[PDB]
Ligand SMILES: [Mn+2]
Ligand SMILES: [Mn+2]
Ligand SMILES: [Mn+2]
Ligand SMILES: [Mn+2]
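Chains as they are written, first to last, in our numbering: chain A, 30 to 223; chain B, 29 to 222; chain C, 30 to 223; chain D, 29 to 222.
So this is what it looks like as C-alpha cells:
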C-alpha cells in the first residue's frame with residue numbers, strides 16, 4: 030500500500046518561514062490521513078470494479094481524487110522546500126525570463142493567484158510540454174495539477190499557515206519564496222524538458 | 029467483463045407519436061453505443077493506471093468514466109422506463125406518491141418543471157431515498173448518475189432526446205413523455221428499493 | 030454599506046468549546062474581511078451593470094457569492110452559538126423526532142456530513158417550506174444555504190477550529206452541539222413555519 | 029437599457045450546405061431570442077434584489093444571469109464569426125498563428141479536437157491573452173462566457189447547433205465549420221485585442 034514519505038529535513042528546519050508545529054502536524058497528521066484514507070478507498074474501488082458495480086465505482090471517485098491528490102500534492106511539496114535551496118538553474122531562469130519577463134514578475138503573478146484562491150487549494154508553477162512554456166495555475170482542494178508537469182507548489186489550505194500566520198495568508202505566500210527549493214524545482218524542470 | 033449495449037424491450041417505432049422511430053434509433057444505436065464503447069476503453073486505461081500505480085493518471089481518467097459509465101447507467105434504465113402500454117403505479121407506489129407529493133398529477137408537474145429548467149444537457153429523476161424512506165425528485169447534469177437515492181423513473185433532456193421531433197420546444201417533450209412512462213417497471217424498482 | 034455585526038456575547042464566552050483567540054480572529058479578521066470585500070465588489074458590479082458591461086458583471090459573480098455568502102453565513106453563525114442556549118422548543122423537538130427519529134440521530138447525521146466536507150465549507154440544519162420537512166445539507170466554501178431556510182450552521186473552515194483542535198475536526202463538530210443556541214434555532218424554526 | 033436580439037449579418041440560408049437554413053433560423057429566432065428574453069427578466073430580478081438588500085436572493089440569481097447572459101454574449105459573437113465569403117487571416121494574425129501554433133492547419137486541428145471532446149453542451153474558442161501576448165485555445169461548458177482572454181472565434185457545439193443536419197456526427201460539423209469562419213471579423217477582433 031501507499032506510504033507516508035519521510036521529510037527531507039527536520040520539522041524545525043524551515044523556521045522562521047514555517048513553524049515546527051505546522052510542519053509536524055502537516056506531515057504526521059494531514060498527509061498521513063490522506064495516505065490512510067487513500068489506501069482504504071483504493072480497496073473499496075477495487076471491490077466495486079471487480080464485482081461490476083459501476084455506479085458505486087463512480088460514487089467513490091471524489092474520495093480517490095481528494096485523498097490521492099492529497100498524497101500527490103504533499104509528496105511534491107516536501108521536496109519543494111528547503112532551508113538552503115539555492116537559486117534557479119541557468120536554464121530555468123532563462124525560461125522564467127522568456128515566459129514571465131523576470132523571476133520577480135513570476136513570484137508576483139503566482140503569489141497573486143495563490144492568495145486569491147477562495148477556500149482551500151494550491152498554487153503551482155508548472156511546465157507544459159505541448160506548448161513548451163511555463164505556466165501558473167491554481168487547484169481547488171486536493172485536485173492534482175493536470176495538463177502540465179508540476180514544478181513548485183504552494184499549499185494554501187489554512188492548515189498550512191494558520192497556527193503561525195493566523196488569517197494573514199499573503200504574508201505566508203510572500204514568505205514561502207524564501208524557502209523554495211530551487212535545486213528540486215530545477216531538477217523537475219530538467220526532467221520535464223526530456 | 030466487457031459492457032454491452034442492451035437490446036431495447038421494444039421496436040424503434042413503438043413509442044410514436046410521443047418519441048419518433050428516428051430518435052429512438054439514433055439514441056440507442058449511436059448515442060448509447062458510443063457510451064458503451066468509450067466506457068470499455070476507459071475501464072481498460074483505468075485498470076492499467078491502477079495496476080502501474082499511476083495515481084495522477086487514474087484520477088485524470090475519472091471524468092471520462094463518470095460521463096461514459098453514467099451514460100451507460102442512465103440510458104440502460106431509461107429503456108426499461110418506457111412503454112406504449114405503461115399500465116399504472118402499483119397500490120403501494122401510488123399510496124407513497126400521494127403521501128410524499130399529494131397526488132400523481134402534482135408529482136408529474138413538479139418533476140416536469142425541474143426537468144424543463146435544466147440548463148444544458150441532463151436528466152430529471154424520480155427516486156426513492158431508503159434512509160428517509162421517502163420519494164424524492166432531482167436533476168442531474170450531463171450523464172452524472174443519480175446519487176443518494178435509488179432511481180425509479182428518468183427523463184433524458186439532452187437535446188438529442190427530442191430536437192429532431194420537438195425542435196426547441198422541450199416542454200412539449202417533457203409533458204408528453206408521461207404518456208409512455210412504464211409504471212410496471214417503476215413499481216418493480218420501487219418494490220426492490222423497499 | 031454592509032457592516033460587521035457585533036457578537037451577541039464576549040469573545041471568551043464559548044470556552045471551552047471555542048477559544049477566545051479563535052472567536053476574536055474569526056469575528057474581527059475573517060468576517061470583517063468578507064464584509065470589506067463584499068462592499069468593494071458590490072461597487073464594481075454596480076459599475077458594470079450601470080455601464081452595460083455584461084461580461085464583466087458575470088465575471089464578478091464568484092467574488093460576490095464568496096464574500097456575500099461569507100457575510101450571510103457568519104451573521105447567522107454568531108446567533109446560533111451561546112454559552113447557555115437551552116434546549117429545542119417543544120415544536121422543534123417534535124419535528125426533529127418526525128423527520129430524524131431523535132435529536133441524537135439528527136446530531137449524528139449532521140455531524141457526519143459536516144465532518145465529511147472535503148476542503149472548506151459548512152454544515153446546515155434547514156427547514157424546507159415546500160416539502161414542510163427538516164433537512165440537512167452541506168455547502169462548499171462560503172456558498173449560502175439555498176432551497177431551505179437556515180436554522181443551525183456549523184462552520185468547518187479550518188480557521189473555525191485549527192488553533193484549538195488542530196487537525197481534529199471531528200472533536201470540534203461533536204463539541205459544538207454543547208453550545209448550540211437552541212433559543213435562536215427554535216425562533217428561526219418558528220419564523221420558517223410562518 | 030433592455031438587451032435585444034441582433035439581426036444576423038446574412039440571410040438564414042447563406043451558410044448552406046455547411047449549416048442549414050432551418051438550423052440558422054431556429055438557432056437565431058428561438059434559441060438566442062430565449063436567452064435575450066430571459067436575460068432581461070433576470071436583470072430585473074437582480075436589480076430588485078440589489079435594491080432591496082436581498083443578498084441571498086441576488087446570489088441565487090447568478091446561475092441564471094451567467095447562463096442567459098452568456099448565451100447572449102456567445103451567440104452575438106458567433107454570428108459575426110460566420111460568413112460564406114470568409115476571406116483570410118490578416119498578415120499580423122497569420123504570423124501570430126504561425127508563432128503560437130506552428131501553422132493554421134495545426135490551430136484548426138487543435139481547436140477542432142478539444143471542441144469535439146466537449147462532454148455535454150458547450151463551446152470551443154480561439155482567444156488572445158493580452159497579458160502573455162499570445163493566442164490560446166479553450167472550451168467552455170454550457171453558455172459560460174470565455175474568461176481570461178479576448179474571444180476571437182467561437183464554435184457552438186450544443187446539439188442544437190448541428191443535430192438536425194449532422195445527427196450524432198459532431199466531428200463532421202466541427203471540421204466543416206472552418207469553411208465559413210469569418211476571418212475578416214476575426215482579424216478585426218485580433219487587431220482590437222492588440
Ligand atoms: Mn496541506
Ligand atoms: Mn440520451
Ligand atoms: Mn468562518
Ligand atoms: Mn447555440
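Backbone N, C-alpha and C define an ideal beta-carbon position, used for all residues, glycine too.
Range of the contiguous beta strand (DSSP E) that encloses residue i
{"i": "residue 152 of chain C", "result": "150 to 157"}
{"i": "residue 169 of chain B", "result": "162 to 169"}
{"i": "residue 183 of chain C", "result": "178 to 184"}
Reference residue i; option with closest CA among the options
{"i": "residue 89 of chain D", "options": "D:101, D:103, D:73", "result": "D:73"}
{"i": "residue 43 of chain C", "options": "C:150, C:191, C:208, C:95", "result": "C:208"}
{"i": "residue 62 of chain B", "options": "B:49, B:36, B:31", "result": "B:31"}
{"i": "residue 71 of chain A", "options": "A:59, A:58, A:87, A:60", "result": "A:87"}
{"i": "residue 69 of chain A", "options": "A:83, A:49, A:92, A:85", "result": "A:92"}
{"i": "residue 124 of chain D", "options": "D:162, D:186, D:210, D:200", "result": "D:162"}
{"i": "residue 200 of chain A", "options": "A:185, A:210, A:212", "result": "A:185"}
{"i": "residue 155 of chain B", "options": "B:173, B:179, B:169", "result": "B:179"}
{"i": "residue 83 of chain B", "options": "A:174, A:46, A:107, A:190", "result": "A:174"}
{"i": "residue 213 of chain A", "options": "A:95, A:106, A:57", "result": "A:106"}
{"i": "residue 250 of chain A", "options": "A:46, A:138, A:45", "result": "Look at the range of chain A in this structure, 30 to 223, and you will see that residue 250 of chain A is not part of it."}
{"i": "residue 48 of chain A", "options": "A:85, A:110, A:35, A:192", "result": "A:192"}
{"i": "residue 95 of chain C", "options": "C:189, C:158, C:112, C:169", "result": "C:169"}
{"i": "residue 232 of chain B", "options": "B:159, B:112, B:67", "result": "A question about residue 232 of chain B goes unanswered here, because the residues of chain B that appear run from 29 up to 222."}
{"i": "residue 29 of chain B", "options": "B:158, B:67, B:35", "result": "B:67"}
{"i": "residue 153 of chain C", "options": "C:126, C:190, C:206", "result": "C:206"}
{"i": "residue 215 of chain A", "options": "A:159, A:190, A:110, A:160", "result": "A:110"}
{"i": "residue 126 of chain C", "options": "B:126, B:160, B:97", "result": "B:160"}
Per-residue burial, residue i [other beta carbons within 10 Å of its own, 16 or more giving buried]
{"i": "residue 171 of chain A", "result": "buried"}
{"i": "residue 167 of chain C", "result": "buried"}
{"i": "residue 131 of chain C", "result": "exposed"}
{"i": "residue 41 of chain C", "result": "exposed"}
{"i": "residue 220 of chain D", "result": "exposed"}
{"i": "residue 222 of chain A", "result": "exposed"}
{"i": "residue 217 of chain C", "result": "buried"}
{"i": "residue 134 of chain A", "result": "exposed"}
{"i": "residue 128 of chain A", "result": "buried"}
{"i": "residue 9 of chain B", "result": "What the structure shows of chain B is the stretch from 29 to 222, and residue 9 of chain B is not part of that stretch, so it cannot be assessed."}
{"i": "residue 115 of chain C", "result": "exposed"}
{"i": "residue 60 of chain A", "result": "buried"}
Where the alpha helix (DSSP H) through residue i begins and ends
{"i": "residue 51 of chain B", "result": "49 to 54"}
{"i": "residue 34 of chain D", "result": "Taken as a continuous stretch (DSSP letters only), residue 34 of chain D belongs to no alpha helix (DSSP H), as it is neither H nor E."}
{"i": "residue 140 of chain D", "result": "132 to 144"}
{"i": "residue 208 of chain C", "result": "No alpha helix (DSSP H) holds residue 208 of chain C; DSSP gives it neither H nor E."}
{"i": "residue 228 of chain C", "result": "A query on residue 228 of chain C cannot be resolved here, the shown segment of chain C reaching from 30 to 223 and no further."}
{"i": "residue 173 of chain A", "result": "Careful: residue 173 of chain A lies outside any alpha helix (DSSP H) and carries neither H nor E."}
{"i": "residue 88 of chain A", "result": "83 to 88"}
{"i": "residue 69 of chain D", "result": "61 to 80"}
{"i": "residue 192 of chain B", "result": "191 to 194"}
Integer Cβ distance of residue i from residue j, believed to fall under 8 angstroms
{"i": "residue 151 of chain C", "j": "residue 182 of chain C", "result": "5 angstroms"}
{"i": "residue 140 of chain A", "j": "residue 203 of chain A", "result": "6 angstroms"}
{"i": "residue 108 of chain D", "j": "residue 45 of chain D", "result": "Not a contact, Cβ separation roughly 22 angstroms."}
{"i": "residue 188 of chain D", "j": "residue 187 of chain B", "result": "5 angstroms"}
**Asked** With a cut-off of 8 angstroms, do at least 3 Cβ pairs link the segment 72 to 90 of chain D to the segment 145 to 153 of chain D?
**Response** They do not touch, by the three-pair rule.
**Request:** Report yes or no: do the segment 92 to 102 of chain C and the segment 190 to 199 of chain C share at least 3 C-beta pairs separated by less than 8 angstroms?
**Result:** Verdict: no, contact absent.
**Prompt:** Taking three-plus beta-carbon pairs below 8 angstroms as touching, is the segment 118 to 137 of chain C in contact with the segment 45 to 62 of chain C?
**Reply:** No: fewer than three Cβ pairs fall under 8 angstroms.
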